[PDB]
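The values are calculated or read from the model by the stated rules, or taken from the named source; these are not laboratory values. Here the Cβ is made from the backbone with ideal geometry for all residues, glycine too, and neighbour counts use every protein chain on show.
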Amino acid sequence: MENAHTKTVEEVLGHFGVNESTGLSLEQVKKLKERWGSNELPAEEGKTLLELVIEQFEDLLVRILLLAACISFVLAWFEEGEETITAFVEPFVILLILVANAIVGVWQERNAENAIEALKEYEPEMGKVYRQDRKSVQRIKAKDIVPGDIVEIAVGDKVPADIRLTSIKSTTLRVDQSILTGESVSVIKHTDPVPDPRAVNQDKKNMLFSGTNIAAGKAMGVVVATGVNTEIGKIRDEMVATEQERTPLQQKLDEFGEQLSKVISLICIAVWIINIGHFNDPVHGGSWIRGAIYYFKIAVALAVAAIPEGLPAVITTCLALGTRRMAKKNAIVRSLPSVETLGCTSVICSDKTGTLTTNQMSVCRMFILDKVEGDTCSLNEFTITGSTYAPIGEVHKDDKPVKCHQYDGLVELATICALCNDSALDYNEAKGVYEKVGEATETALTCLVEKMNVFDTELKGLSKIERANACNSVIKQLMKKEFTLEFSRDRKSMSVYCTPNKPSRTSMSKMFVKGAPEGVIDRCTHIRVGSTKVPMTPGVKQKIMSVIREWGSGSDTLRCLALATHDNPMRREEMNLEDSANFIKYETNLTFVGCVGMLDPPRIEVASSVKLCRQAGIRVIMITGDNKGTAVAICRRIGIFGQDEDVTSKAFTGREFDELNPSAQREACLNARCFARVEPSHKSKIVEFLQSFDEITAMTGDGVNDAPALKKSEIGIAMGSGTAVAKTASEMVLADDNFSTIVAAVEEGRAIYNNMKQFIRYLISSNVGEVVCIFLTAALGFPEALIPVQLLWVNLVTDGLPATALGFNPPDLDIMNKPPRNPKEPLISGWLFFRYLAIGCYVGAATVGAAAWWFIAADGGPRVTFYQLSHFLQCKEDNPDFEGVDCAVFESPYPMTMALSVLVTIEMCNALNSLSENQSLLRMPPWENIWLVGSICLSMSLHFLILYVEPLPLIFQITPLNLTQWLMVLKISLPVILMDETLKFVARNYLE
Ligand SMILES: CC(=O)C1=C(O)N2[C@H](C1=O)[C@H]1c3c[nH]c4cccc(c34)C[C@H]1C2(C)C
Ligand SMILES: [K+]
Ligand SMILES: [Mg+2]
Ligand SMILES: [Mg+2]
């Protein structure tokens, strides 16, 4: 049964045919057990490691390299037995990189924590029900509770299901709804029906929600919904939903893979049509099996040349080195790709309570009476500092520090706050911070007494635990509280009856009252001025409320409590405490002492972080569960709104948002910076609209209610003081709760993005140069210039060192002054594609020309034969036109090691040209990045180690170039820098 909050307790009881006294029977439970099942949150199992590694191989471009792995394994299977050691190097190093990138991709995207497990912690193991088989209350598992059961709930217990309240056994019933509402303040509940079925969970005072706990009181009720039907069940339904979101860089590289896969297939057929016919007259060079061996060797080389192997390594290396840089700022990155996404975020959604505010209530202001003249009175306004429950602070009067031991009106004010309290302060030894005991509102008064220190009690040489209650224990030794008049909804106040201890015969009993200002001071017939007592004037009572109104409804917008006392209370025996309605009569003729305002203070660095995101073009939108008045008040402090700014169309509540038509809801998500009284389902609903607009959203909650908005967001952020559910649902956690890490992570995320796309183009320009080299030798007919074994060493070891160093390029000075980049922007531009194509064509001709140089230059090699070079496959000894030259020169390492040195040297040049896009190398010196110069030296010296170390040149088929051949490769490769510089000059000084 749903929407039972609109129906009376008798109607709901009549729906299940149950008697609230005897509850359900055993035969009716079994009938309800079948249809509604057991009451629990089902668990969502995660994908295992065997399934995640398979999805790495399902990519289209991975299947291309995997295809070349099997072809090279068959090509190495047909090789002669003498060369077998060097033959299997190709398929193994291909399979080596194939498996290496497979596990790196899984280790990168894997989320090791499950949010459903943290959500199932709120399900209580046991519950208390009334059933027909027992005359009294029974205790059973929460799994066996079915809708229609009559349950009893007491203080401290967790609510096993969603329950319609029937009878409240205590005076008032208080609940902690922070699960759904995100707010830690207790809520008063009743049994009366609530109209307006569209009302949110915050507006239903007759319902108990599963996972919440009871702050105080005792009551009973009937279970409307169990299992997934509850409100916590609506949370996990949005938790199990995962769209496999991918960061924009992963999204474009995923598309670039299918765009590259079509080219590799077309280039294979492009060489196949230029392939001389082996079915007609290839001089019968081989058998029918030997005809397809060249097409397989050229396709493997085309795949190894086009596919940028090692790219998953340099990307993952940049993410891990960026995650470590963020951990030093106390930001724990739970998803490696998510450090890049935070650079392009155009909007930041933030929960107010626990994130923008300290979640700990503190007294902001207080006042007492100063002087009374006629019907007009003057007040002394005081302010109290500190954002936390830590009993530290100093009271200021009119912008001057003052000690309150000399104000007798303040001493009695602190007397009321300590003496009438159900709460206490506590110091956590493990957490190292002061926690709260009981109500957070009453705890704010406890801190005030310690921070005021009216009696000048010595606080030095006192333990941190003893310091919590230190100033309260003194007042407890003074006055003895005999009993307490419980808080009741009618009078909106409470009181305590205390008698002095030390002034036994010189003093008499008194009664201290606190409550809502309207209901209290109307029962106050006097005003406390210092230690004296003056009658309450209608002109005085009008001036008193004039201040309390400006505190509640003003730009401050603080909660207020009127503090009054009864000097001559009624006698002990004359008070019968069973009926709660008599308490408003017992508290009367009070003397108004003072009033104390309180607020949940915003965090210190939040207001400064908002101004920085505003300069970066990043909006901030508060989505909270608190009231609209308090939220707008916080937004004016932190800078989201202006003090005089009109919030009319810029702020909405939960029901107001749902009431709008879908066309009106769209406009709100764009222009509205504040959303209050928001159900957890609406937190994800707001973020869902921002994603429909092609915006990159960042959601920072601390709460269980924030979990849907966190999981739905592309990059979520969690507070270290937040619940475990909010941590497992996000990609990032702030351990120190510093909000300035958000603006520091956006700066760290933009520097990575500019460097990532920089080496992405460097590695992608190196591949097009290797395709032109392998396509030109196949069209001309020259022997192989580059072996795919050599290309893998160039793609991984040679080009991986400067590519990783390109991630260390110094960021921009104004980088945080730029608006967020377009998430749909291409990786390459029109002029950038023409440039990488022009550069790739020069290196392709430089490596092919290097092999043609050794043959045609006739220094150390044979003389120049062009017809014999393209036709070299037709060379067999005793054939004319080959007279004078050896037929084995085509397999010599010299032409290949000539092209390999040209390829490596050019890649050291392109690595140097990758410092800045359009800037020159003279105005941007090469030493601006030290890691890049060191990467070139290591990569260049590794090109020597591959030649000289004994086993290496046999598998790679290379030899040293001695003295002279290096001068040919250095003069041919160096113009790459001059050629690229010209393409940068016309783009910088002319194109734009
Ligand atoms: C087994 C494994 O997980 C993988 C791989 O083994 N790889 C990458 C890859 O995902 C491939 C890839 C997919 N999309 C792109 C864009 C740009 C570059 C690459 C890729 C490199 C690819 C390869 C083969 C290195
Ligand atoms: K998420
Ligand atoms: Mg992969
Ligand atoms: Mg919160």
Counting only residues that are under 20 Å from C773 (Cα atoms), give me the helices (runs of 4 or more DSSP H) lying completely in the stretch 887-992 with at least 3 of them. 893-913, 964-973, 975-986
Would you confirm, using the coordinates I've provided, whether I760 is surrounded by 21 or more Cβ atoms within 10 Å (Cβ to Cβ), β-branched (V, I, T) and within 16 Å of ligand 3 (Cβ to nearest atom)? yes
Could you tell me how many of the residues in the stretch 20-57 are away from ligand 3 (no atom under 16 Å from the Cβ), exposed (fewer than 15 other Cβ atoms within 10 Å of the Cβ) and of a type in the set (D, E)? 3
Are there any pairs, at least 6 apart or on different chains, whose C-beta atoms fall under 9 Å, with the first in the stretch 446-463 and farther than 18 Å from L563 by Cβ and the second assigned to a loop (DSSP other than H, G, I, E, B) and aromatic (F, W, Y), and if so, which? none
What are the pairs, 6+ residues apart or on separate chains, where a residue within the stretch 1-17 that is within 16 Å of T191 (Cβ to Cβ) has its Cβ under 8 Å from a residue that is acidic (D, E) and not in a helix (DSSP H, G or I)? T6/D196; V9/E20; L13/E20
Among the residues of the stretch 698-755, what is the count of those that are farther than 30 Å from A911 by Cα, over 11 Å from the mean Cα position of the chain (by Cα) and of a type in the set (S, T, N, Q)? 6
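Would you mind listing the strands (runs of 3 or more DSSP E) fully within the stretch 306-400 where at least 1 residues are of a type in the set (V, I, T), in contact (Cβ under 8 Å) with a residue 60 or more places away in the chain and within 28 Å of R619 (Cα to Cα)?
Here the list reads 331-333, 347-350.
Conditions tested, residue by residue: (1) surrounded by fewer than 16 Cβ atoms within 10 Å (Cβ to Cβ); (2) within 23 Å of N111 (Cβ to Cβ).
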| position | (1), (2) |
| --- | --- |
| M207 | no, no |
| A215 | no, no |
| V223 | no, no |
| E231 | no, no |
| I235 | no, yes |
| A241 | yes, yes |
| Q251 | yes, yes |
Based on what the data block shows, is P788 assigned by CATH to the domain that holds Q259 and either within 26 Å of the chain's Cα centre (by Cα) or under 19 Å from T345 (Cα atoms) (or both)? no
Looking for something β-branched (V, I, T), in a helix (DSSP H, G or I) and under 30 Å from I298 (Cα atoms) - is there at least one such residue anywhere in the stretch 22-45? no
Among the numbered conditions (1) polar (S, T, N, Q); (2) away from ligand 2 (no atom under 16 Å from the Cβ); (3) more than 30 Å from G310 (Cβ to Cβ), tell me where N114 comes up short. (2)
If I go through the stretch 837-894 residue by residue, how many of them are touching an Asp or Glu at 6+ places or on another chain (Cβ under 8 Å) and acidic (D, E)? 0
Listed residues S692, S684, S721, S713; which is among the hydroxyl-bearing types (S, T, Y), in the same structural domain as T630 (by CATH), over 16 Å from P662 (Cα atoms) and more than 10 Å from ligand 2 (Cβ to nearest atom)? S721
Suppose we filter the stretch 331-390 for residues that are within 16 Å of ligand 3 (Cβ to nearest atom) and among the small types (G, A, S); how many remain? 1
Could you pull out every one of the helices (runs of 4 or more DSSP H) wholly within the stretch 67-151 that has 2 or more residues that are of a type outside the set (V, I, T) and within 16 Å of ligand 1 (Cβ to nearest atom)? 89-109
Look through the stretch 627-637, keep the residues that are touching a strand residue (DSSP E or B) at 6+ places or on another chain (Cβ under 6 Å) and either charged (D, E, K, R) or not assigned by CATH to the domain that holds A668 (or both), and return whichever of them is nearest to ligand 2 (Cβ to nearest atom). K628
Given (1) outside any helix (DSSP H, G or I); (2) away from ligand 1 (no atom under 16 Å from the Cβ); (3) surrounded by fewer than 18 Cβ atoms within 10 Å (Cβ to Cβ), where does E784 come up short, assuming only one miss? (3)
Here the qualifying pairs (Cβ atoms under 7 Å; residues six or more apart or on different chains; first in the stretch 48-72 and without any contact (Cβ under 8 Å) to a residue 40 or more places away in the chain; second part of a helix (DSSP H, G or I) and away from ligand 3 (no atom under 12 Å from the Cβ)) come out as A69/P91; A69/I94; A69/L95
Check the stretch 442-453 and report whether any residue there is exposed (fewer than 13 other Cβ atoms within 10 Å of the Cβ), outside the structural domain of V187 (by CATH) and either under 20 Å from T385 (Cα atoms) or out of contact with any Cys (no Cβ under 6 Å at 6 or more places or on another chain) (or both). no
Candidates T565, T532 - the one that is touching a helix residue (DSSP H, G or I) at 6+ places or on another chain (Cβ under 7 Å) and either surrounded by fewer than 14 Cβ atoms within 10 Å (Cβ to Cβ) or in the same structural domain as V593 (by CATH) (or both): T565
Among the residues of the stretch 152-163 satisfying the criterion of being in contact with a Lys or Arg (Cβ under 8 Å, 6 or more places away or on another chain) and not in a loop (DSSP other than H, G, I, E, B), which is surrounded by the fewest Cβ atoms within 10 Å (Cβ to Cβ)? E152
